[PDB]
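Please treat every number below as a calculation from the coordinates, not as lab data. FYI the Cβ positions are ideal-geometry reconstructions off the backbone, even for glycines, and counts take in every protein chain you see.
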Protein chains: 2
Amino acid sequence: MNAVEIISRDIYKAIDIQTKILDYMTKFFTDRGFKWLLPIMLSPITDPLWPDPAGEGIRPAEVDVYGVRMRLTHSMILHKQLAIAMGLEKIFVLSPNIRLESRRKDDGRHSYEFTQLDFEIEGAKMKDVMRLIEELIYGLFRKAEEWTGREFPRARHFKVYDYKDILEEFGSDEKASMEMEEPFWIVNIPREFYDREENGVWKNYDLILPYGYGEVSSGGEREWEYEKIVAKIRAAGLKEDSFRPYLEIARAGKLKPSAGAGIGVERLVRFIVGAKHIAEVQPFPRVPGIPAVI
Amino acid sequence: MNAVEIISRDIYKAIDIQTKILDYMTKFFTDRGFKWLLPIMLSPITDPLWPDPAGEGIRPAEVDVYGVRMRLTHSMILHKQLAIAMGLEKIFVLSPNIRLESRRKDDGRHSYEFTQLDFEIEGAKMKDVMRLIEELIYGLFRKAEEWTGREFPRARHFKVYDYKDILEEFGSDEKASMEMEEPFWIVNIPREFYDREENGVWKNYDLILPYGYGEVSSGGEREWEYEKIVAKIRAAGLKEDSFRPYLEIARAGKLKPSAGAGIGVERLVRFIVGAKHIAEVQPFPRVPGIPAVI
Ligand SMILES: NC(=O)C[C@H](N)C(=O)O
Ligand SMILES: NC(=O)C[C@H](N)C(=O)O
C-alpha cells in the first residue's frame, strides 16, 4: 500500500469511536484522582521486555543524544515506578511505545508503534488493579452499546486462569482467546524483573479479550527492593549497566511498593469497531516487519 | 541533575495543575466535535523546522526500522495535513516531539522532549484559528484563577503585531515578551514550506505569553498545491527526497486547504505555576544540550 492508498482508506467511524474511548478512559482516571503525566520517548533506561512468554527478546532501538546512547521507549514501566518514588501516588499516561518485532508477530493485534494508557498506584495489590480494570471495561462496554447499537460482553465477572492452567487446557493464550465469549484474566506469568515474585508466585495479570482478539492489558505488583531486582536481572542475563540510574534509586531505598497496568488503546478501538486487523483503525499503519511508507 | 536528585524534587503542585490543564484542553476540543488521534513517533518524513527564525536548523534524530531510515517526530504537521486528507475534518493529538536543539536554546521554555496539543481544521482561516485559541486561553485562565487563587491576564482577545514590526520595535520576540503584560500575537513570519504564503504575506501566527515567558503556540493556514509546495522546498535548499510520500499525495491533488496550530502543554503548565524554568514542571527534565540521566 503506497502513500495515496493509505490515505484513501475510510477510517472515520473508527476514529469517531477512538475519540469516545479516549474521552471515557481519561475521565475514568482523572475522576479517581489520578495525575495525568506526559510521555517520554528517549531515555538511558527502558523496559527490557525480556524474559517474557509474549516476546522475541528484541533490543530497543537506540539514538545518539548529545553524544549519549539513548533507548527509544519499549514501555514507561521504569519511569512509572520513578513517578511513584517522587510521591505522585496515582499516575497515568497516554504513552507511545516502539517495539520492532518481526513479521512473525503480524497477527492482527500487534503494531510496531502503539499507545498504552499506562497507570500506576502506590501501595496497590493485584486484586485492586484487576478490580479497577474490570470496572473500567464494564463501563466502557455499556457505553459502547449506546454508541454502536450492538451488544458487548456483560463484563461483571471475569474468570481467572493461572498461566499454567492456560497452557494445559488450551495450549496458549491465543487459543484460549478464540474459545471464550467473555473477557478473562491470565495470572502468575514469569516475565520481566519489575513484576513482583513471591515464593515462585508472580503477582501479575493479563486481560484477554474474547473471540480471538487477544491480550488488551497487562500489569502487576512491582519489585522495589534492590537485592531482589538485581538478582532477577543477573539471572536473566541482562546487563546491570543497562539500568544504572534506576538501580541507583533502588539502592538508595527510594522505590515504593506499587501496582499498575497498561491498556492498549488501539486494541480496544479494534475490538469495539470489530476490525479484523488493527491496521484498519490506524490512520498510519505500523505493521510488524513492514516499514511504514508514511 | 543526577537520578536521586531528580526524583527528590517536589513537583506535586505542578503535576496537579497539568492534570487540570489536560482535562480542560482535551474537553475543549472534543466538545467542539474534534476527533482525538494518537501520535506517531517514527516516519520517513517529518517537519524540517526550517526555514524558521525560531530555529538553528537542527537535523531530526534518526533510527532504522527493518533496515529503513525513519525520522523521530520533529512535529506531526505533515501527518495533520494527511489526516485532513483522510476526511477527518477537525482533529487534534497530544503529540510528543523530539527536537535536539543546542545549549543556545536553553532559555527556560525549550525542552528537547515535549508535547504539543496539535490540531487542524479543514477549510479554516487564520482569523478562525486565532479566535479559537483566544477562546481556549481565556477560558483556561479563568479556570486557573480558581485552581490557584492567583490572578491571570483577563484579555478576551489579544493584540496582533506583524513579525517585521516586532523586530523594529523590540528587536526580538523575546524582548517583546518581556515588555508585555498580556498575551499577544505575532503574525506573518517567513518559515516552513507548509505555512500558506500569498504575494509575500504569510498566513501564520504565534501566541506569545507576557512577562518574558515567550511563545506558547504556533500555527498557520497551509499550502496544499503541489507546484507551490515543491517550489518552496527547493528555494529553501531542502530536498524533495525528504518528503517523497507526502509529495506523492500532494501531486495526486489530495491535500485540502486547512489551518491549525500546536500549543505547548508544558509551557502552559510553567506559566500557570510561575516556574522560572520549564524543567521545574517536568518529572524527567529534558534540558536542551544536556543528555538526561533518566
Ligand atoms: N509490558 C508492559 O508494557 C508493562 C505494563 N504496561 C505494566 O504496567 O506492567
Ligand atoms: N512548529 C510546529 O510545530 C508547527 C505547528 N504545530 C503548526 O501547527 O503549525
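A few remarks follow.
- Where a residue in the stretch A:282-294 is in contact (Cβ under 8 Å) with a residue 40 or more places away in the chain and more than 7 Å from chain B (Cβ to nearest Cβ) and its partner, wherever it lies, is of a type in the set (D, E, K, R) and in a loop (DSSP other than H, G, I, E, B), with Cβ under 8 Å and at least six apart: A:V287/A:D106; A:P288/A:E101; A:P288/A:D106; A:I290/A:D106
- The residues in the stretch A:218-243 that are assigned to a helix (DSSP H, G or I) and not hydrophobic (A, V, I, L, M, F, W, C) can be counted, and the count is 8.
- Breaking point among (1) touching a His at 6+ places or on another chain (Cβ under 8 Å); (2) surrounded by fewer than 17 Cβ atoms within 10 Å (Cβ to Cβ); (3) among the small types (G, A, S), for B:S43: (2)
- Here A:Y66 meets each of (1) under 30 Å from A:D241 (Cα atoms); (2) within 16 Å of ligand 1 (Cβ to nearest atom) with one exception, condition (2).
- Pairs, first without any contact (Cβ under 8 Å) to a residue 24 or more places away in the chain in the stretch A:242-267, second surrounded by fewer than 19 Cβ atoms within 10 Å (Cβ to Cβ), C-beta under 6 Å, six or more apart: A:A252/B:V4
- Odd one out for A:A85, checked against (1) buried (at least 18 other Cβ atoms within 10 Å of the Cβ); (2) within 17 Å of the chain's Cα centre (by Cα); (3) of a type outside the set (F, W, Y): (2)
- Scan the stretch B:89-101 for residues that are part of a loop (DSSP other than H, G, I, E, B) and in contact with a strand residue (DSSP E or B) (Cβ under 9 Å, 6 or more places away or on another chain) and the total you get is 3.
- Only a single criterion out of (1) within 11 Å of another protein chain (Cβ to nearest Cβ); (2) part of a helix (DSSP H, G or I) is not satisfied by B:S111, namely (2).
- The set of residues in the stretch A:267-279 that are more than 13 Å from chain B (Cβ to nearest Cβ) and not aliphatic (A, V, I, L, M) comprises A:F271, A:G274, A:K276, A:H277.
- Residue within the stretch A:227-241 that is more than 14 Å from chain B (Cβ to nearest Cβ) and in contact (Cβ under 8 Å) with a residue 60 or more places away in the chain present: yes
- Residue check, B:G67 touching a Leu at 6+ places or on another chain (Cβ under 6 Å) and more than 7 Å from every other protein chain (Cβ to nearest Cβ): no
- Residues considered: A:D52, A:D47, A:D106. Of these, the only one that is of a type in the set (D, E, K, R), within 12 Å of ligand 1 (Cβ to nearest atom), more than 9 Å from every other protein chain (Cβ to nearest Cβ) and over 25 Å from B:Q18 (Cβ atoms) is A:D52.
- None of B:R150, B:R154, B:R104 is farther than 14 Å from B:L268 by Cα, outside any loop (DSSP other than H, G, I, E, B) and not polar (S, T, N, Q) except B:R104.
- Qualifying residue in the stretch B:178-186 (condition: in a loop (DSSP other than H, G, I, E, B) and either in contact (Cβ under 8 Å) with a residue 60 or more places away in the chain or in contact with a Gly (Cβ under 7 Å, 6 or more places away or on another chain) (or both)): no
- Conditions (1) under 19 Å from the mean Cα position of the chain (by Cα); (2) within 17 Å of A:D52 (Cβ to Cβ); (3) among the hydrophobic types (A, V, I, L, M, F, W, C): number failed by A:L209: (2)
- Test for B:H74: is it within 8 Å of chain A (Cβ to nearest Cβ) and touching a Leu at 6+ places or on another chain (Cβ under 9 Å): no
- Residue within the stretch B:249-256 that is surrounded by fewer than 21 Cβ atoms within 10 Å (Cβ to Cβ), of a type outside the set (G, A, S) and assigned to a helix (DSSP H, G or I) present: yes
- Complete set of residues in the stretch B:44-81 that are under 20 Å from A:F284 (Cα atoms), touching a residue at least 60 places away in the same chain (Cβ under 8 Å) and assigned to a loop (DSSP other than H, G, I, E, B): B:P44, B:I45, B:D47, B:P48, B:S75
- Close contacts from the stretch B:17-43, counting a first residue that is more than 9 Å from every other protein chain (Cβ to nearest Cβ) and within 16 Å of B:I137 (Cβ to Cβ) and a second that is of a type in the set (F, W, Y) and not in a loop (DSSP other than H, G, I, E, B), with Cβ to Cβ under 8 Å and a gap of 6+ residues or different chains, come to B:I17/B:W147; B:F29/B:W36; B:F29/B:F92; B:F29/B:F119.
- For the stretch A:253-272, a tally of residues being away from ligand 1 (no atom under 16 Å from the Cβ) and either over 11 Å from A:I21 (Cα atoms) or in contact with a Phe, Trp or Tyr (Cβ under 9 Å, 6 or more places away or on another chain) (or both) returns 5.
- Scan the stretch B:166-213 for residues that are surrounded by fewer than 19 Cβ atoms within 10 Å (Cβ to Cβ) and of a type in the set (V, I, T) and the total you get is 1.
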